[PDB]
Amino acid sequence: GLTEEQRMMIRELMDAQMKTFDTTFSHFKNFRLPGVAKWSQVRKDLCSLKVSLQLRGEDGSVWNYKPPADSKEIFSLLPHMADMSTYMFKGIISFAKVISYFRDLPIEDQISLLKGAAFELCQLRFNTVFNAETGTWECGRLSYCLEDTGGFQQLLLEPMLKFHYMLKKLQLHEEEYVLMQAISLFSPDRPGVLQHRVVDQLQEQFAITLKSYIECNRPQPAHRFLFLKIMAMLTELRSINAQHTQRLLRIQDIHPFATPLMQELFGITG
Ligand SMILES: CC(C)(C)c1nc(-c2cccc(NS(=O)(=O)c3cc(F)ccc3F)c2F)c(-c2ccnc(CCS(C)(=O)=O)n2)s1
């Protein structure tokens, strides 16, 4: 059984998630769409996550976008992805700002923790709209469908994609997703945090709550070691976070595309 501090911790996380996660993406509107030496590495960076895009209209109409082969056609999806990222990041920032453990930290550590974890919280939220049968992220009227590559194996060669399939296969509850979000957010070892002991104590408590929730609610033999599998996924997710930071920075060096909010989050000055 969870203690009262633990049940309350979960309720506060769950409430923050309910208030700040637009699961139907109803408020993502007026976003950009693809028009009607270092460069070899940028080519490698871009052609590794090909998605077609689908856009269903309230009236029943469907728009469908198929991406181009690398033959600057590589950049055609970046403004849209920047708008989607920005929308998600806003959701993430709101999430952090309504959690009491987060509001109570000094404002500089708030900033440092948000810059450390925005990508990871974004991937965690996206996993809950990921469909592993069809290979697609179902974001309300938007859909992002993985392109036929190689097969599912070759898709699993990409770390973001292997992470999404492997995280989906664990069939987490909402509680577990939200606790994963808090553990990743309260990482005491992000560049520029000052209250590292406070943040470490909070993280330890989130982790223990999660282990206890699993121990109380998931007895079936398939859930043995579930807690440790989740912590290994968070470790993997930090690895992915760092690779993607460098990926983004390279692309940004060649082809400016980041929004003001992304510039802030990734430490770009102007
Ligand atoms: C599920 C789905 C399909 C919606 C995706 N989500 C993400 C995702 C997840 C978390 C954060 C960000 N944002 S981000 O960290 O700022 C960022 C980093 C970066 F390296 C490049 C652009 C960025 F915006 C994301 F974009 C995707 C992603 C990841 C990496 N690269 C690309 C380009 C794909 S493309 C143009 O088709 O080649 N897209 S795909």
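Note that the numbers count up from 1, one per residue, in the order the chain is shown.
Per the header: X-ray crystallography, 2.5 Å.
Note: Cβ is positioned from N, Cα and C throughout, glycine not excepted.
Per Swiss-Prot, these features apply:
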{"type": "BINDING", "residues": "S85, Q123, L124, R125, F126, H244", "note": "hyperforin binding site"}
Residue among binding-site residues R125, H244 with least C-beta crowding, 10 angstrom cut-off: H244
Under 8 Å by Cβ from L124 (hyperforin binding site), same chain, sequence gap 6 or more: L167, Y177, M180, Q181, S184, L237
Annotated binding-site residues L124, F126, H244, filtered by Cβ under 6 Å to ligand 1: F126, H244
Cβ-centroid neighbourhood (8 Å) of the hyperforin site, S85, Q123, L124, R125, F126, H244 excluded: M88, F119, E120, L121, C122, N127
Same chain, 6+ residues apart, C-beta under 8 Å of the C-beta of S85 (hyperforin binding site), given in sequence order: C122, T259, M262
Local backbone state of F126 (hyperforin binding site), from DSSP in three classes: helix
Unmodelled segment of 19 residues: Cα separation of flanking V36 and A37 in Å: 29
Packing count at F126 (hyperforin binding site) (other Cβ atoms within 10 Å of its Cβ): 17
Spatial neighbours, same chain, of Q123 (hyperforin binding site) - Cβ under 8 Å, 6+ residues apart: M160, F163, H164, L237, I240
Hyperforin binding residues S85, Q123, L124, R125, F126, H244: largest Cα-Cα distance, in Å and rounded to whole number: 17
From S71 to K72, where 2 residues lack coordinates, the CA-CA distance in Å: 8
